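Going by the order they are written in, the chains are A, B, C and D; count residues from 1 in each one.
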Amino acid sequence: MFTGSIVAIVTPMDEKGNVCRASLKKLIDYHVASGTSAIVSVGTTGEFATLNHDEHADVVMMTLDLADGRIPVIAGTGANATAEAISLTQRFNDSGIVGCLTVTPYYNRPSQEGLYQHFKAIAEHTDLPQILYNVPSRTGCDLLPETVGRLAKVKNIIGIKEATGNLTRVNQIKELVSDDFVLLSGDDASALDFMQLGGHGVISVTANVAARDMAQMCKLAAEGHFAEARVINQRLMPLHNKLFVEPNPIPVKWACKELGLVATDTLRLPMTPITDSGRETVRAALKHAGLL
Amino acid sequence: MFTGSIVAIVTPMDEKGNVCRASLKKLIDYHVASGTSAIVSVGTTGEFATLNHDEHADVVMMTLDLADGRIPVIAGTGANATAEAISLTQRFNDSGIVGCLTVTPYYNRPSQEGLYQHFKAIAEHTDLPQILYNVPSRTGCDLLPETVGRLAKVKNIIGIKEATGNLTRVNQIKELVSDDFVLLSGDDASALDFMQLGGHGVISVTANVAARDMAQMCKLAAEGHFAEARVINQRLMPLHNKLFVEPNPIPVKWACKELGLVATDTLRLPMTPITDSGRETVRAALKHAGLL
Amino acid sequence: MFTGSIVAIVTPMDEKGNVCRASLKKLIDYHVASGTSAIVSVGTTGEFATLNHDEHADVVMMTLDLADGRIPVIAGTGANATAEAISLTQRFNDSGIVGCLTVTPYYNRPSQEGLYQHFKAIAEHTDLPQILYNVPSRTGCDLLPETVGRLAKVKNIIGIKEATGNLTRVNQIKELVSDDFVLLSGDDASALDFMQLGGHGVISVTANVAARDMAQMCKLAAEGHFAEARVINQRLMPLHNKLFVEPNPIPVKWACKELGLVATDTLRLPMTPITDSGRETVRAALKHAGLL
Amino acid sequence: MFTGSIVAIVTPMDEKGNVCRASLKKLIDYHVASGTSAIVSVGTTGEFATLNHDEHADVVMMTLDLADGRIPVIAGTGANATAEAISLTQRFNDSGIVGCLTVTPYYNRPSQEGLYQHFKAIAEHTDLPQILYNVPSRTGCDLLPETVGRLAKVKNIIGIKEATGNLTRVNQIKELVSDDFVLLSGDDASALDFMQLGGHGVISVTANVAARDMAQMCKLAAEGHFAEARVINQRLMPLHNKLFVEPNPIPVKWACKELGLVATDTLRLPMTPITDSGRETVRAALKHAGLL
């Protein structure tokens, strides 16, 4: 499923930084009960940077096993080296995932032509649908609409998670791609705006703790009921912002612990524990959203 | 050497994308002959993002073997996960390398506290000297002077490669650290200015192809002969700029090939071959520098 | 009228830089015939910076006289000194203008509190409706949604011309103001997007040469017919961009001369004549729009 | 003097917002006593935006009268319309002022060609020396080094006040102009660095309240005693920064009042009185500097 509210799920960890199966099960059951459309496993929010390839694959497989066919799983498969991305993609072929979320290479700042070649090569070596992920604030590069239009001609490149927060991108990309290419926000604070302009859903951090309100917001938006959706959005807005008061996923993991959805808020270095001021800010945002 | 003209050497490849030993040897002999102070092996210009950890270690060790004690070798050891940076650093413990160049974590955008913990943990697992590397355009995070001061208190954190191009950083950092902490430019176009303000050298892209000129410019700078150093700088300014006409190290590899220093200008995706326009721009810059 | 397509009209000049009444008459008749909602007289596009107060008032009065009640006129009344803005506003009280367009102070960078006091004072001393104008790229300051919400409580502050191009502002402001407060784009390239998110019209540069298509686009948008509006927008998009290929109003004045709407494309220094390359670019954009 | 510590003096006011002669006299005597090199009258810190042209001329002429030949006076003569800048400059022809400080046009964002024509026309209508002033944060335009080179060819264009805070500009400009062209910092926090790179002084906000320290710092810099100059700089750094805690000249006027140098800290809207938090921040900075 590549529309509506899609959660970029946390990778819950025990105190040693290893994946907590019991906590993940609780999250997945929560998303199944709450109407989330799909689960992005080991995206940014899932700490892809700090899991090695084997651990990363283990988390995706554990998420599929636990989902048990009740909700679709999309795997994070991005890398900044094209061979690495291909390799990681092969590990998931015939796994049961419905598609992959593949980020623009980070740190090395490839050209637009390099991005085209990167993603083209990855798509060539799988039959899985691929969702491109643009987030320049993290990567140092910006996959522009022109290049997205070029890539959308590749049969299995089927959408984009656009995390610039620059809402002009929605219709710049839309006019260059076919009607069935999926435009998904990757920026919760501007996501409703993104859907109002023509976007098809959101790959959401906020969905980790407000799954039902997110799912209803995105449905109302898809039906054109923007004023109604905006009422929900306004109650979620402090959380959309304050989940970034310290680096993601530090706040959202604390929030999930505070609601009882995960056993511990542990992360891997260089992510560090939430500050006391951050706990206070995040808690106030949860209360504004009606969640505590 | 953590002073003077330090080359961030290219990782020359054959047409298959693997390290070319004969080319590496030719480069290293070139830097010995030219008066280069040290070699940074598998930094950004060396394609650290697209070598696996074994391949990266092989290049470092080959470069050390080839240097044959004639020129000190600093290993690139950065990673965006602390565990991984520690693993990489441990590969070089008791190897012959003189120190490590370790970039701020990329993509995951840690806090300053996270940066402090990351570099502190890496330093604690080696006796090797550590040179911090800040390059926010590539990483999405900025290691600010205050945190550099906190880190400079750790015994074996001994300097910084400052690649913001923001020359105010030189004295901001210098006032917070001891007199023996090394300040190195990571930005060739501003590096002469950086030394004029108090910096101690440059880790240079330009030195790959103008090694003698860079070493002469840095010596003049260290001696306080800025006007003579600027004449050299002016001849190299178009190269300093045009080596980024396409993404580093696409132009510098081509330049090395054109100068006969390497056998091929091959890179690994998502870096792609230089465009025709880019060849012409770089060739004009080489001609301005009197290298061609 | 404060909705739909509102033109920020050029101030046509003869070769000596003085206002050309015959050219202005032709423009005004064109806007009356073409369905433009209103005329903003001596806005940015009308070269407010380079007319003195008397000339500025003369152009507004000439525009009212020529409009002869057939189209509403809004006067540019902004200044960077609050006393100056008050003074200029008094010159128009009982003139026949329907309202004023008042820019945030430029150059002096007042605080948000300073902006509040500025605009509050101006509104106090007139009964004319006031439209706030935010354009940070010109002014060096940014009138934020919070302050817009404060000002919208003042009875005769009735809307805003929002020229950041940052589409998140639409609903940030909307949620803080009453339903009757007018949100107008001041950025033609993002205006349709701005209306799709809840904006009520556009104060347009493009309208100077594409008045009928602009008027129909903004009507379709107001009716919710965004796909239909977007077809028009796509034909206008090169013009929305290329009217800024050199500083506004250099390109639009040339375009108006090329269509025969004004006798000369003369501007006042520091605006200078269009370059040949700029003529070529603008002409291609006019042809894409179907206007030549 | 177009070297050393040049104060951008406040225009002290009474409670009605008009120039306070007794306060101006006290300031000017203070700068004579302190070793200030020159006074810039009705620059940015002098509130040029909110004085009318007659009021502006009155302050300049009063400041010249009060200086009584003891200290050279440079008049602020910028405008964003060329005709207006020429008019203002002509007011000071054969007056006793030593030169003019003329800012790039603000708000209307001319091209570089426009900037060249603007400053060229102004220079052609006076025999007075012209100091260009670039401050893009306030004006929305950036006078680049190439254009500064073109302008430096005009006989009476003799220097630049460079207020970008981008220290690369010092040597970019210096290589394009003759050895007698003056480079002055417009950014107090970077000004010591600016002189270290080759600049010849500073047009300073800080000198309004730390005149002796600024003059001593600049003399040390001119003599090549950078380390001694930096000790002074460090004591003044919090002031250099905190004089912008609220918009300039709100903090510096309050500081002048607190030091007993002026009778009142009144400004003209849209500048507003200093907040309580701001008073406390500025007072702490004055205490760090040992001025209180």
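The rule is simple: contacts are C-beta pairs under 8 Å (C-beta built on N, C-alpha and C of every residue); 3 or more make two chains touch, one makes a residue touch a chain.
Undergrad: Go through the assembly and pull out the chains touching chain B as well as chain C.
TA: Touches both chain B and chain C: A, D.
Undergrad: If you tally contacting C-beta pairs, which pair wins, B-D or A-B?
TA: Higher contact count goes to A-B.
Undergrad: Distance-wise, how many Å sit between the C-alpha centres of chain A and chain D, to the nearest whole number?
TA: A distance of 50 Å separates the two centres.
Undergrad: Measuring centre to centre with CA averages, how many angstrom lie between chain A and chain B?
TA: 34
Undergrad: Please compute the C-alpha centroid of chain B, do the same for chain D, then give the distance between them in whole Å.
TA: Spacing between the chain centres: roughly 40 Å.
Undergrad: Name the residues of chain C that each touch 2 or more other chains.
TA: In chain C, no residue touches two or more other chains.
Undergrad: Chain pairs that touch, all of them, please.
TA: A-B, A-C, B-D, C-D
Undergrad: Give every residue of chain A touching chain B within the complex, in rising order.
TA: For chain A paired with chain B, touching residues are 44, 47, 49-50, 52, 80-84, 105-111, 113-115, 117-118, 121, 137-140, 246-247, 268-272.
Undergrad: Of all residues in chain C, which touch chain A in the complex?
TA: 165, 167-168, 170-171, 175, 189-190, 192-193, 196-197, 230, 234
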